[PDB]
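*Asks:* Questions regarding the structure given below will be posed in turn.
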Ligand code: HEM
Ligand SMILES: CC1=CC[C@@H](C(C)(C)O)CC1
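Okay, here's the thing in structure tokens:
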């Protein structure tokens, strides 16, 4: 169906479906064709709604800038097929959002709820976590060095530090690591009535757990995010638990896999470019540039969706009210109008105006926490390594949402 779809079926299938994202050489050439030939065009494949695919850096920014025109709330902000979206709606009392997180909201609601924590996530505030992050980073570096020159960088190291950081930011104690892992890896990881029961049950268990903290921080405040949210008010009243608990989940889930995935990306980049490892070791001031290149090149968030709320024009295309739009951050990050030799990992790349954290109204709340923890982590790691190389191929997550490296088998020499 839909006569406006011009993107060839094989191209559309590659960029929309999950499987392709397990392989850089499948996905990136498909987006390169789109950027060259059909930068912003409509695809319609079986099992999915018709959608515009924003492949250009300029277009992703322009759309992201305008939440009044391009909505997160009206449709699913996550790229589900029609079956899975139907399942989500039936579970969530009709609406296309599992929980009441920031990415489900439009202004002014979004502005209000984002505003509750926005200052806390700014660099000057985040800077106070440096000492705790340093300790956490060193612990992860240490458990890597406990291996005799061989391990999986993801499962044996990078899986842990970003979760512990996000736990420290929230105020979840170290001993709750198993539960938080269940949250991010099991529950939020990649019959019908039975699955619906397990879901409501699981989310209720996590919400009950989180409510314990909300209650605690109203009597015993701390400098963490739970305490900030528990004691926040709007119109002279506490924020409804559903918004608070969604905030805790959104922070933990958005903060863990993305950061681990990008760290893995860095290691892949450095293993394939040993000259750059030597560069980062000789000049540790380059590490923030290394961190930005890792995020650009890895681009662990593959897509978010928008719904057009009115008829409008982007790159001379007539986007109708109700039209769905896929924002491809990976494609924007390899846009040749912005980046020279985009497929190359290069830590000296400056400026590095990538869209790995998105752009506009919903731009990653955690970006400064992410950059700080990755910086600190690599500051601690790189001095301890003489060399690093891949021992086998990296395994990428087969997902069109939050993917990138899941396994990065490596060998290393200790400095
Ligand atoms: C390399 C690390 C990370 C990447 C690549 C990343 C990427 C993204 C992207 C693409 C978005 C959507 C932006 C948009 O729609 O314009 C986003 C949103 C968000 N991220 Fe991150 N993120 C990272 C780390 C973190 C961390 C560490 C946290 C929290 C501690 C976090 C919390 C969030 C939240 C709360 C949102 C939703 C903000 C909103 O809807 O207004 N992220 N992130
Ligand atoms: C990057 C990120 C991934 C998870 C999102 C969700 C679905 C928890 O709101 C929030 C933002």
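Numbering (UniProt numbering), first residue to last: 1 to 190, 204 to 428.
Built from N, CA and C at the ideal position, the CB exists for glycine as well.
Start and end of the alpha helix (DSSP H) containing residue 218?
*Replies:* 205–232 is the span of the alpha helix (DSSP H), which, as asked, contains residue 218.
*Asks:* Tell me, which residues are paired with residue 424 by DSSP?
*Replies:* According to DSSP, which records beta bridges pairwise, residue 424 is partnered with 150, 402.
*Asks:* Is residue 45 a contact residue of ligand 2, with contact defined as CB to any heavy atom under 7 Å?
*Replies:* No, ligand 2 has no heavy atom inside 7 Å of this Cβ.
*Asks:* Determine whether the beta carbon atoms of residue 90 and residue 97 lie at a separation below 8 Å.
*Replies:* Their beta carbons are not under 8 Å apart, which means residue 90 does not touch residue 97 by this criterion.
*Asks:* Is residue 413 closer than 8 Å to residue 18 when the C-beta atoms are compared?
*Replies:* Result yes, Cβ atoms of residue 18 and residue 413 sit closer than 8 Å.
*Asks:* Report back the beta-carbon spacing between residue 169 and residue 129 to the nearest angstrom; my notes put them in contact at under 8 Å.
*Replies:* Correct: roughly 7 Å between the Cβ atoms.
*Asks:* Given a cut-off of 8 Å, decide if residue 158 and residue 197 are closer than it, judged by their beta-carbon atoms.
*Replies:* Absent from the coordinates is residue 197, which sits in the stretch where the chain moves from 190 straight to 204.
*Asks:* List the endpoints of the continuous beta strand (DSSP E) containing residue 330.
*Replies:* Counting along the chain, the beta strand (DSSP E) containing residue 330 begins and ends at 330–332.
*Asks:* Check this for me: beta carbons of residue 351 and residue 57, under 8 Å apart or not?
*Replies:* Yes. Within cutoff.
*Asks:* Using only CA atoms, which one of 396, 327, 111, 53 lies nearest to residue 142?
*Replies:* For residue 142, the nearest C-alpha among the options comes from 396.
*Asks:* Could you compute how far the alpha carbon of residue 201 sits from the alpha carbon of residue 75?
*Replies:* Coordinates for residue 201 are absent, as the chain skips straight from 190 to 204.
*Asks:* Regarding residue 69 and ligand 1, is the C-beta to nearest heavy atom distance less than 7 Å?
*Replies:* It does not: the Cβ of residue 69 is nowhere closer than 7 Å to a heavy atom of ligand 1.
*Asks:* I need the straight-line Cα distance from residue 47 to residue 80, nearest angstrom please.
*Replies:* About 9 Å.
*Asks:* What does a CB cutoff of less than 8 Å around residue 134 pick up in its chain, not counting 5 residues either side in sequence?
*Replies:* Here the set comprises 389, 393.
*Asks:* Counting Cβ pairs, one atom from each stretch, are 3 or more of them under 8 Å apart for the stretch 252–259 and the stretch 360–375?
*Replies:* No contact exists between the stretch 252–259 and the stretch 360–375.
*Asks:* Going by C-alpha distance, which of 73, 235, 292, 93 is nearest residue 111?
*Replies:* If we check each option's Cα against that of residue 111, 73 comes out closest.
*Asks:* Would residue 9 and residue 45 qualify as a contact pair, given that the criterion is a beta-carbon distance under 8 Å?
*Replies:* In contact: residue 9 and residue 45 (Cβ atoms closer than 8 Å).
*Asks:* What distance in whole Å lies between the Cβ atoms of residue 275 and residue 313, which are believed to be in contact at a cut-off of 8 Å?
*Replies:* That pair is a contact at about 6 Å.
*Asks:* Residue 330 to residue 353, Cα distance in whole Å?
*Replies:* Distance between the alpha carbons of residue 330 and residue 353: 27 Å.
*Asks:* Does residue 251 come out as helix, strand or coil in the three-state DSSP assignment?
*Replies:* Correct three-state label for residue 251: strand.
*Asks:* Since residue 410 is in the beta strand (DSSP E), which residue starts that stretch and which ends it?
*Replies:* First-last of the beta strand (DSSP E) with residue 410: 408–410.
*Asks:* When you compare only the Cα positions, how much space is there between residue 39 and residue 70?
*Replies:* Approximately 18 Å, taken between the alpha carbons.
*Asks:* I need the straight-line Cα distance from residue 145 to residue 382, nearest angstrom please.
*Replies:* Roughly 25 Å separates the two Cα atoms.
*Asks:* In chain order, what residues of the same chain lie with their CB nearer than 6 Å to the CB of residue 279, ignoring the 5 residues before and after it?
*Replies:* Excluding residues within five positions, the ones whose Cβ falls inside 6 Å are 307.
*Asks:* Would you be able to state if there are at least three C-beta pairs under 8 Å between the stretch 220–240 and the stretch 289–305?
*Replies:* Result no; under three Cβ-Cβ pairs closer than 8 Å.
*Asks:* Please report the straight-line C-alpha distance between residue 208 and residue 357, rounded to a whole angstrom.
*Replies:* For residue 208 and residue 357, the distance between alpha carbons rounds to 43 Å.
*Asks:* For residue 311, count neighbouring Cβ atoms within 10 angstroms of its own Cβ and tell me buried if that reaches 16, exposed if not.
*Replies:* Burial call: buried.
*Asks:* Since residue 417 sits in a beta bridge, which residues does DSSP pair it with?
*Replies:* Paired residues: 410.
*Asks:* For residue 54, does the three-state DSSP call read helix, strand or coil?
*Replies:* Looking at residue 54 - three-state DSSP - the assignment turns out to be strand.
*Asks:* Which same chain residues, not among the five before or five after residue 234, have their C-beta less than 7 Å away from its C-beta?
*Replies:* Hits under 7 Å: 240, 244.
*Asks:* Are the Cβ atoms of residue 401 and residue 303 separated by less than 8 Å?
*Replies:* No, the Cβ-Cβ distance between residue 401 and residue 303 is not below 8 Å.
*Asks:* Drop a sphere of 10 angstroms on the beta-carbon of residue 51, count the other beta-carbons inside from all chains shown, and report buried for 16 or more, exposed for fewer.
*Replies:* It counts as buried.
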